[PDB]
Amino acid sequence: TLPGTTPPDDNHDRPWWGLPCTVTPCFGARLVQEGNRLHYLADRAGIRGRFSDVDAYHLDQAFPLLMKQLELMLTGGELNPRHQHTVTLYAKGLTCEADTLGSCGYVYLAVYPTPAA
């Protein structure tokens, strides 16, 4: 492509799937939301940086817990597919931000080490 007609920009074929996040390292994902059920797609997620052994272990433990909590929040209404609203969860030393972004079908996540130091 030519920069006059097409200004430089990020490659849209390799986007950040999760919720925008400024912390490093961080795990982002775009979960598929159908009713009160959420689905994690490994190819619709990404990680910036490298989680430490301790934080990686904690992410493994916290992920299922976070998923279950988000599903309950969909069921109860704190997470509404039609309304943008960021919820914050904390688990195993990690912080998780989630938002439907009013996408009517997706739940965007950002998980990173809680800056407790």
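Note that residue numbering begins at 1 and tracks the sequence as displayed.
Peer 1: Quick check on the record: does 38-46 or 53-61 carry the larger mean Cα temperature factor?
Peer 2: So the stretch with the higher mean C-alpha B-factor is 53-61.
Peer 1: Identify the stretch, either 66-74 or 29-37, whose C-alpha atoms have the larger mean B-factor according to the entry.
Peer 2: The entry gives the higher C-alpha B-factor average to 29-37.
Peer 1: Quick check for you: using the entry's CA B-factors within this chain, is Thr100 in the lowest, middle or highest third?
Peer 2: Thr100: CA B-factor falls in the lowest third of its chain.
Peer 1: What third of its chain, lowest, middle or highest, does the C-alpha temperature factor of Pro7 fall into?
Peer 2: Lowest third - that is where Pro7 ends up once the chain's C-alpha B-factors are sorted.
Peer 1: Name the third of the chain's ranked CA B-factors that contains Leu109, choosing lowest, middle or highest.
Peer 2: Bottom third by C-alpha B-factor.
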